[PDB]
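The structure appears right after this line, and notes come after that.
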Amino acid sequence: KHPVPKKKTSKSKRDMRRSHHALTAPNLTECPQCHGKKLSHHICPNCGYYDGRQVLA
Amino acid sequence: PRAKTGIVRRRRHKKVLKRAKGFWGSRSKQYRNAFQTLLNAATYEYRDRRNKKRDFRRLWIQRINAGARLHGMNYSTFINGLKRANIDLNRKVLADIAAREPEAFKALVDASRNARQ
Amino acid sequence: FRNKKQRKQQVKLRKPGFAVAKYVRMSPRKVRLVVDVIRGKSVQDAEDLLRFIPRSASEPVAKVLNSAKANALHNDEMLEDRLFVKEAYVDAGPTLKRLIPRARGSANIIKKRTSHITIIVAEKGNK
Amino acid sequence: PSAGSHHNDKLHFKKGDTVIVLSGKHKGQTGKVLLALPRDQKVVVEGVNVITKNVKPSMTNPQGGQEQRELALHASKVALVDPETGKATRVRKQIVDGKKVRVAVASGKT
RNA sequence: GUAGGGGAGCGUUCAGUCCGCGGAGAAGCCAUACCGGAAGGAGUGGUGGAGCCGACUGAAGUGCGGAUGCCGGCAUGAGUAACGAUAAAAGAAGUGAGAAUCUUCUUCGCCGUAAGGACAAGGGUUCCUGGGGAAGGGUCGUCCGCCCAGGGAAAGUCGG
RNA sequence: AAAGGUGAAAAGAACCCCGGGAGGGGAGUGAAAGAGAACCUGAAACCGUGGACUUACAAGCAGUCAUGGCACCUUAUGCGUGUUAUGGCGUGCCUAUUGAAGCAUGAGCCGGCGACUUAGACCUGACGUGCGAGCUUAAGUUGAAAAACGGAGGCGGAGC
RNA sequence: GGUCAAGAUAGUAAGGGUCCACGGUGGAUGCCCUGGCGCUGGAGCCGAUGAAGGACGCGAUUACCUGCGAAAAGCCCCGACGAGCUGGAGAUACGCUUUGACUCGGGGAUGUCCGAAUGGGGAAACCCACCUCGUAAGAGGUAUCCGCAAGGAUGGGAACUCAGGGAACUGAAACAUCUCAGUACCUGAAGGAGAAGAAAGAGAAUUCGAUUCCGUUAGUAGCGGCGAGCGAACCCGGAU
Ligand SMILES: [Mg+2]
Ligand SMILES: [Mg+2]
Ligand SMILES: [Mg+2]
Ligand SMILES: [Mg+2]
Ligand SMILES: [Mg+2]
Ligand SMILES: [Mg+2]
Ligand SMILES: [Mg+2]
Ligand SMILES: [Mg+2]
Ligand SMILES: [Mg+2]
Ligand SMILES: [Mg+2]
Ligand SMILES: [Mg+2]
Ligand SMILES: [Mg+2]
Ligand SMILES: [Mg+2]
Ligand SMILES: [Mg+2]
Ligand SMILES: [Mg+2]
Ligand SMILES: [Mg+2]
Ligand SMILES: [Mg+2]
Ligand SMILES: [Mg+2]
Ligand SMILES: [Mg+2]
Ligand SMILES: [Mg+2]
Ligand SMILES: [Mg+2]
Ligand SMILES: [Mg+2]
Ligand SMILES: [Mg+2]
Ligand SMILES: [Mg+2]
Ligand SMILES: [Mg+2]
Ligand SMILES: [Mg+2]
Ligand SMILES: [Mg+2]
Ligand SMILES: [Mg+2]
Ligand SMILES: [Mg+2]
Ligand SMILES: [Mg+2]
Ligand SMILES: [Mg+2]
Ligand SMILES: [Mg+2]
Ligand SMILES: [Mg+2]
Ligand SMILES: [Mg+2]
Ligand SMILES: [Mg+2]
Ligand SMILES: [Mg+2]
Ligand SMILES: [Mg+2]
Ligand SMILES: [Mg+2]
Ligand SMILES: [Mg+2]
Ligand SMILES: [Mg+2]
Ligand SMILES: [Mg+2]
Ligand SMILES: [Mg+2]
Ligand SMILES: [Mg+2]
């Protein structure tokens with residue numbers, strides 16, 4: 003029992019591994035009213051608009 | 002009095018390390034593995050001075066054989082041909098004639114097959 | 008200029024569109040994950056993306072972004088509608104260290120790392 | 004390792020004496036000894052003078068406020084002057100009265 | 001050419017003497033394609049901010065990659081295991097720079113010879129009030145057994 | 001146990017900008033904030049940003065040699081510097097061993113600490129120096145920004 | 001040129017690599033001193049008149065340190081200095097000082113509680129008494145051993161000294177006599193030193209003349225499972 007790594011992993015390796023941790027930036031749209039930005043199919047967090055006006059102020 | 006290391010070890014170290022640029026990974030950044038890599042490098046340097054002298058001869062010979070055979074002659078027969086007619090050329094030079102100057106190499110060929118007759 | 012000292016009197020170094028959060032109690036690789044989205048991007052964008060990125064780090068980084076904005080506008084009289092994140096990076100603060108118990112007698116050391124976030128705003132014309 | 008240690012906690016001049024500034028930026032300017040601290044070897048002369056800042060504190064007054072006040076100097080840039088010469092001058096201890104010790108130059112006395 | 005013997009030297013501190021540099025900038029640090037047969041040594045430039053090179057001579061705590069060596073810093077494993085009983089949570093409301101975690105309301109769930117209450121031993125201000133939020137809290141905290149300040153403990157009859 | 005260093009002097013940064021703060025950018029002081037209180041220098045490991053040339057048909061102790069490509073020009077237009085493509089060649093270091101790339105030992109990494117010395121008035125050789133059929137003092141005494149005295153003793157002088 | 005065909009080659013890098021630039025981390029290096037180390041020389045005892053070492057206190061604000069002790073960062077007189085002072089502490093306020101402060105030198109007064117502790121007890125620094133004076137406040141006394149008394153003792157002190165007691169590892173290439181070694185350690189008593197000392201001696205010249213210490217004799221004479229190894233003294237020269 004008790005596996006353990008045989009050898010330090012190179013800085014190079016370690017970083018090759020990390021080639022996939024890129025965050026994915028939001029696709030962001032600009033609210034058709036109050037004008038800041040929002041997520042598709044969410045309520046625009048600036049005004050509160052989702053066609054008329056749902057969340058409060 | 003006491004005498005610390007002060008300054009010497011780091012100078013040695015940087016010496017090795019600075020010999021070692023362009024070495025892959027730790028081989029160029031860690032002292033010990035640098036110094037080590039370098040021992041093996043020693044072997045390779047000395048050896049290959051002799052050995053490159055071995056290698057270039059080879060190359061010349063290849064080219065010579067080629068030219069020889071363009072005009073219907075083997076190399077070996079071409080070289081006894083040259084020694085017979087007491088033409089005394091470097092094979093470095095023979096190669097360069099063979100590669101660079103067609104007609105001239107041709108002339109040496111005819112001279113040599115004459116020396117063979 | 009004739010003397011180093013002469014220059015040190017005459018010039019004084021400036022940090023044009025630059026802010027730095029020092030000793031942010033976070034981990035660099037984390038904070039970077041956020042930052043790499045911000046970088047190269049035109050300040051407005053950055054301001055938004057930071058509001059919709061759902062990492063913690065997103066917030067300190069928002070704050071430095073604004074500090075660099077208020078340094079390029081105020082202390083440097085630059086042009087908002089032309090600002091972009093010319094450069095941004097994270098380096099390691101002095102990392103907090105604490106003992107934590109483990110099974111049987113063994114003990115361990117957690118590294119609560121810290122962070123230096125740095126943003127550098129700068130105007131962009133194409134020509 | 005106090006500053007007075009080297010100078011035996013001794014002042015080579017009294018408070019209220021006039022003094023010429025020997026060394027530094029204020030060479031030769033002159034003034035009355037407003038404050039003299041023996042152990043620290045520091046002395047105030049109405050000529051040095053800096054601009055200090057009072058920062059936050061709502062006393063004195065909520066806002067900050069800057070200020071002009073002189074900043075003490077090291078004993079060794081101070082000397083008794085001689086009314087005749089008018090310049091930087093050494094001192095001899097001689098006698099008067101009636102048990103008083105006094106201070107002369109190469110032409111007494113201050 | 002291994003153990004080993006022999007020979008000529010390189011570099012380090014301190015010491016004596018000689019030379020002599022240094023705020024128009026020393027030692028140290030950094031880069032470098034030059035020099036020497038090697039230890040090594042100079043040239044220039046960047047750093048630095050007050051001491052120091054060369055020569056001869058003397059004395060050593062005098063030269064490191066190893067010792068599962070010692071002290072220290074930082075890597076790998078890795079954004080991995082884990083976040084400490086499977087008694088369980090939901091909404092509203094409030095607060096606040098910021099709330100899944102704090103406060104209130106309404107419910108829900110779990111202990112009930114206990115997971116309730118009261119002493120002793122031990123601990124030592126942890127109690128109450130008001131404030132705070134770096135760290136401590138395995139998240140978060142505006143909260144706390146944490147941090148700051150001020151209050152609080154009353155015996156002829158209980159215990160000594 | 002670990003612990004040290006602003007600056008000549010606190011003149012310890014009024015005031016303005018982002019932030020709850022932390023932190024920072026200005027301004028002002030300072031010779032210098034390329035000294036701002038996580039304050040002398042600030043190496044290496046180790047973490048990042050940017051740029052050069054590069055890498056997605058490839059078998060590798062990572063070097064070394066040769067050549068071609070690109071790039072660059074402050075001991076630099078050649079004997080080049082960096083970087084690379086391709087070919088040839090190549091079994092880490094240390095220790096321990098008859099024999100080590102060994103699937104035998106040690107070792108994460110770098111930085112520092114880290115191992116043939118001292119003593120006696122001992123023994124025995126080599127080198128050197130002073131006296132030389134002779135040579136020398138020890139305790140001590142006096143002097144002492146030095147040294148001189150001091151013959152007690154010891155060594156040669158004959159062996160068996 | 002267009003279509004088709006056959007062939008050859010290029011660029012893009014998710015990430016990596018080498019080098020360069022610029023930073024972060026970190027605390028090597030250099031410089032420095034407020035701290036040490038050794039040698040030489042000086043100086044050497046404290047304590048029932050309460051010590052060494054403490055506890056609790058004393059401050060305009062006081063946690064730490066220093067100084068002090070309910071007369072509490074200090075009180076009295078003397079001497080020095082002669083303008084600053086109000087401790088490290090650097091902080092605000094109160095103020096003191098040329099009628100001589102602060103600091104330095106020298107004596108006294110006060111000196112809570114514990115600690116040889118000593119009124120009795122006790123888990124040190126706390127609990128409970130008795131006697132004489134006193135108006136109460138308060139003050140003083142109340143241990144044991146030597147002595148008639150006076151007075152002395154107890155406790156503490158790094159090393160150094162003497163004394164009572166007295167190891168083993170180890171060396172003997174094993175071990176037992178032997179050696180380590182009368183060393184380590186333990187106890188005792190005492191001082192600034194102590195020990196030792198005024199020949200029933202050393203010795204071989206019918207010589208020397210209290211003891212200790214240094215040189216020397218001398219690794220000599222001897223000792224010894226005659227193995228390992230142990231090892232004088234006299235003379236002579238000094239210190240006193
Ligand atoms: Mg050959
Ligand atoms: Mg040889
Ligand atoms: Mg020298
Ligand atoms: Mg030096
Ligand atoms: Mg090592
Ligand atoms: Mg291990
Ligand atoms: Mg370690
Ligand atoms: Mg994951
Ligand atoms: Mg895994
Ligand atoms: Mg998993
Ligand atoms: Mg899990
Ligand atoms: Mg839990
Ligand atoms: Mg659950
Ligand atoms: Mg509100
Ligand atoms: Mg919960
Ligand atoms: Mg309600
Ligand atoms: Mg209960
Ligand atoms: Mg209690
Ligand atoms: Mg937390
Ligand atoms: Mg609040
Ligand atoms: Mg509470
Ligand atoms: Mg009652
Ligand atoms: Mg601030
Ligand atoms: Mg200026
Ligand atoms: Mg790059
Ligand atoms: Mg293929
Ligand atoms: Mg390819
Ligand atoms: Mg074997
Ligand atoms: Mg062998
Ligand atoms: Mg292997
Ligand atoms: Mg191996
Ligand atoms: Mg073995
Ligand atoms: Mg291993
Ligand atoms: Mg000789
Ligand atoms: Mg990419
Ligand atoms: Mg106290
Ligand atoms: Mg009293
Ligand atoms: Mg007086
Ligand atoms: Mg005085
Ligand atoms: Mg008692
Ligand atoms: Mg035994
Ligand atoms: Mg034995
Ligand atoms: Mg005694």
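Chains as they are written, first to last, in UniProt numbering: chain A, 3 to 59; chain B, 2 to 118; chain C, 8 to 134; chain D, 4 to 113.
Backbone N, C-alpha and C fix where the C-beta goes; we use that ideal spot for every residue, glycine too.
Asked: Under 7 Å by beta carbon: chain C residues contacting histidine 23 (chain A); Found: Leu40
Asked: Whole-angstrom distance between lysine 53 (chain B) and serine 113 (chain B), CA atom to CA atom; Found: 29 Å
Asked: Residue 131 (chain D) beta carbon near ligand 39 (any heavy atom closer than 8 Å); Found: This structure cannot speak to residue 131 (chain D), because chain D is shown only from 4 to 113.
Asked: Opposing strand residues paired with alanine 24 (chain A) [DSSP bridges]; Found: DSSP lists no partner for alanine 24 (chain A).
Asked: Distance CB(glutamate 130 (chain C))-CB(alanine 79 (chain C)) smaller than 9 Å; Found: yes
Asked: Close beta carbons around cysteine 46 (chain A), own chain, < 6 Å, minus the five adjacent residues each side; Found: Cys33 and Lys40
Asked: Where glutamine 44 (chain D) falls, given that 16 or more other Cβ within 10 Å makes a residue buried; Found: buried
Asked: Between the CA atoms of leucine 20 (chain C) and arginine 14 (chain C) - distance to the nearest angstrom; Found: 10 Å
Asked: Residues near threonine 113 (chain D) by beta carbon distance below 6 Å, same chain, minus five either side; Found: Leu83 and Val106
Asked: Reduced DSSP secondary structure (H/G/I, E/B, other) of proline 108 (chain C); Found: strand
Asked: Contact set for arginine 28 (chain B): own chain, Cβ-Cβ below 6 Å, skip 5 residues either direction; Found: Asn34 and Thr38
Asked: DSSP beta-bridge partners of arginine 105 (chain D); Found: D:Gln97
Asked: Short CB-CB distance (under 9 Å) between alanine 27 (chain A) and chain C; Found: yes
Asked: Of the listed residues C:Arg62, C:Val68 and C:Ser34, nearest to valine 92 (chain C) (C-alpha basis); Found: C:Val68
Asked: Three-state secondary structure assigned by DSSP to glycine 7 (chain D); Found: helix
Asked: Alpha carbon of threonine 88 (chain D) to alpha carbon of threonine 6 (chain B), nearest angstrom; Found: 59 Å
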